[PDB]
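Next up is one chain by itself, shown in structure tokens, the form deposited in one PDB entry.
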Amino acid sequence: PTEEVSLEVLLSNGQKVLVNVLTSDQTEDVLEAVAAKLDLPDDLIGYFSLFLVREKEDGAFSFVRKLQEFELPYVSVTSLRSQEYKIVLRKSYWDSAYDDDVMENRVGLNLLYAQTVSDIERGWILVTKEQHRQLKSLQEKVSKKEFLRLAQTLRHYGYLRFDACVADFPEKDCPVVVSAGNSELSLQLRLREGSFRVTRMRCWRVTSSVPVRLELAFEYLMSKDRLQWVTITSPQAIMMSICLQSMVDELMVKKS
């Protein structure tokens, strides 16, 4: 039934943004309401998305899914019957080149800055002692353009890190950290590392048990004429799949 509600959307730094919407408002409607509330230009809306996440005790975010066009975010979150789930606004492109468009606007730039800062703070981005010194300086100095330009050069800038999970490559039940970005999946074995190029994935599938446990399996071209299925077991399997699809999509738009 259509009725007006207040919705909390969090930014990357935990600042809360409250918007008035209808229960029957869809994802795009809510997104537009948030953007309106923040004074974000219309022409940047396509650069950001809303995500459903679970907040853990330590305040870190486990990404659950990107909200799709047909969804009703209020329903989406309330129907889960858990206060741990939050809607988050975050940049939704992969090529850091698009940062150029976003940084032309002050509010866009603030959003990108906030999420980059949080990415470093949560250890998603890997830096050296000197870089850490500089970064920590700009933070105080708040130039932000320069801060972002520096951040763009950092390892795994623009990547999404997932909660520790397991995979069956190279061995069964191996503990792994998965990260998605720059058209690949990075697997850190927490140390040896693997890179699974999206263009080398013939397909992927999200599976669930029955007599919970979610898996993402992709059929990977390991070498010439040799395909091998790789399976990652993770509660964020769907988010990983969404990311694979999203990266492929971005590649299609770019290719065209």
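Residues that one form lacks are left out of the comparison. Start at 1 and count along the sequence shown; that's the residue number. Superpose the two forms; the largest set of C-alphas matching within 1.5 Å is the rigid core.
One more form of this protein should be noted, the form deposited in another entry, which is absent from this view; the next part is about it.
Note: rigid core superposed between the shown form and the other one; among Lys172, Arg149, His132, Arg155, the CA shift is 2 Å or more only at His132.
One change in that other deposited form concerns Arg122 and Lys129, whose Cα atoms lie at least 3 Å closer than in this form. Listed in sequence order, the runs of at least 3 residues with C-alpha movement of 2 Å or more between the shown form and the other one, after fitting the core, amount to a single one: 127 to 138.
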